[PDB]
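Starting from 1, each residue takes its place in the sequence as its number.
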Amino acid sequence: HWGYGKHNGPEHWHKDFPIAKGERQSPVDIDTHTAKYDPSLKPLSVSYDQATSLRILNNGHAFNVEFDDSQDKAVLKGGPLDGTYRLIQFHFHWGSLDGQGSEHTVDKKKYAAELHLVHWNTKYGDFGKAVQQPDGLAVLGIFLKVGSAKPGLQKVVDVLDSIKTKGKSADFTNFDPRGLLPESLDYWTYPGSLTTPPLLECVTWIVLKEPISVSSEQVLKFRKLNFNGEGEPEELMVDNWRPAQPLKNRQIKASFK
Ligand SMILES: NS(=O)(=O)/N=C1\NCc2ccccc2N1
Ligand SMILES: [Zn+2]
């Protein structure tokens, strides 16, 4: 099955998922000089005050923090979006070394990690129906650089020891995702895809310009997770990122001058 190794990684995915070579694949390099300010773009509305986290899961590719998405509890609106998108989960991609790990790049620069907050368009009723639609999903992407610790990340870091291997999960209620955001909501946006199989072309990407800083100790704990299941040979969960894909017939828009 698919993964991030030499024998099952991003260069192999197209054999099972031919859309891997499609017209709106993600991630992409964000060329900051070619991206154009769009004054028609609205401010992003990130409404996470009533978010209800459920659980954290090691799925063998990353770890996901899952949320209750049965009502409009944590939603994303505005910006390039029409209507309302409900938060279903977040996860990260990260590297084996601080100089790599992000999926999007900015003028070819790679960050140490990238946070993805995944949301689905409520007009389609459920996530499964949303991923059959060209405007089904909105993913808020946030870069991580290594510097001072991010206090709102520490609760995530301190539970990772309990989900070391694939298939393990733990209760993760009462987590506030507002603690993962930077100060500014300035962003770039473009139409793209899921960055993991099945690579579906359903996503409005919203990538924040301002990174968050996390400490070396925080990102080191990410790197102690395992891709494998319990009792199997240990393979550290590192370098779980897809590289930038061809931009093709797309334009990246900026919310800021
Ligand atoms: N890295 S990503 O673009 O959020 N990719 C994702 N997100 C959410 C998801 C749910 C189910 C199956 C695959 C994926 N892939
Ligand atoms: Zn992701």
Side-chain angles (χ1 to χ4, degrees), residues 2-5 7-10 12-21 25-27 53-69 88-104 110-118 127-128 131 139 141-142 144 146 150 153-154 156-160 162-163 165 167 169-173 175 177 180 193-200 214-223 225-234 236-245:
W2 74 268
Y4 292 97
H7 304 286
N8 62 1
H12 291 274
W13 293 350
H14 73 100
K15 292 175 278 169
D16 267 343
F17 305 95
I19 202 176
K21 297 174 176 288
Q25 290 289 292
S26 295
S53 63
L54 295 172
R55 186 181 71 150
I56 191 173
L57 170 70
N58 178 334
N59 62 20
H61 311 291
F63 63 85
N64 291 356
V65 174
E66 304 161 346
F67 289 79
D68 178 359
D69 69 346
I88 185 166
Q89 55 108 316
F90 71 76
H91 63 272
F92 303 79
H93 305 264
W94 62 91
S96 53
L97 302 174
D98 293 353
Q100 65 205 51
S102 67
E103 296 204 310
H104 295 88
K110 293 171 167 82
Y111 286 88
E114 185 175 330
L115 165 61
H116 289 161
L117 297 124
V118 180
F127 180 88
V131 301
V139 183
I142 305 180
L144 281 59
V146 172
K150 190 71 167 169
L153 183 59
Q154 190 58 34
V156 173
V157 167
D158 285 328
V159 78
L160 294 183
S162 74
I163 59 152
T165 51
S169 67
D171 185 289
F172 206 69
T173 50
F175 179 79
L180 298 174
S193 74
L194 302 177
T195 73
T196 71
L199 301 170
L200 301 172
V214 304
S215 66
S216 58
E217 292 86 353
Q218 290 178 320
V219 70
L220 278 172
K221 297 187 175 178
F222 286 16
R223 297 181 187 138
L225 290 166
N226 284 2
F227 284 126
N228 54 283
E230 183 185 3
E232 298 171 358
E234 178 164 20
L236 294 177
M237 184 181 282
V238 296
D239 293 318
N240 60 347
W241 49 278
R242 191 190 195 189
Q245 301 299 305

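Of the N and O atoms on the side chains of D239 and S96, at least one donor lies less than 3.5 Å from an acceptor on the other residue.
The closest side-chain heavy-atom distance from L236 to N226 is below 4.5 Å. In this structure, the side chains of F90 and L117 come closer than 4.5 Å at one or more pairs of heavy atoms. For the pair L180/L115, a side-chain contact is recorded, criterion being any heavy-atom separation below 4.5 Å from C-beta on. When side chains are defined from C-beta on, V219 does not count as touching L144, because their heavy atoms never get closer than 4.5 Å. Counting heavy atoms from C-beta on, the side chains of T195 and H93 come closer than 4.5 Å. Residues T165 and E234 form no side-chain contact, since every pair of their non-hydrogen atoms from C-beta on lies 4.5 Å or further apart. Between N58 and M237 there is a side-chain heavy-atom pair separated by less than 4.5 Å. Counting only heavy atoms from C-beta outward, the side chains of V157 and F222 approach each other to under 4.5 Å.
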Could you give me the CA-CA distance, side-chain angles and deciding distance for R242 and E103, then say whether salt bridge (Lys or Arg N to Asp or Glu O under 4.0 Å) is met? CA-CA 6 Å; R242 191 190 195 189; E103 296 204 310; over 6 Å; no

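Note: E114 CD to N240 CG = 11.0 Å, rounded to the nearest 0.5 Å. Residue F67 holds its CZ atom at 8.5 Å from CG of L54, rounded to the nearest 0.5 Å.
Side chain of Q25 to backbone of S193: no donor-acceptor contact under 3.5 angstrom is found. Put simply, the side chain of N59 gets close to the backbone of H61: a donor and an acceptor are under 3.5 Å apart. Remark: side-chain polar atoms of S102 are not paired, donor with acceptor, to backbone N or O of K110 under 3.5 angstrom.
Ring centroid separation for the pair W94 and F63 comes in under the 6.0 Å cut-off. In this structure, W13 has its ring center under 6.0 Å from that of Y4.
The shortest heavy-atom contact between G101 and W241 is O-CB, 3.4 Å.
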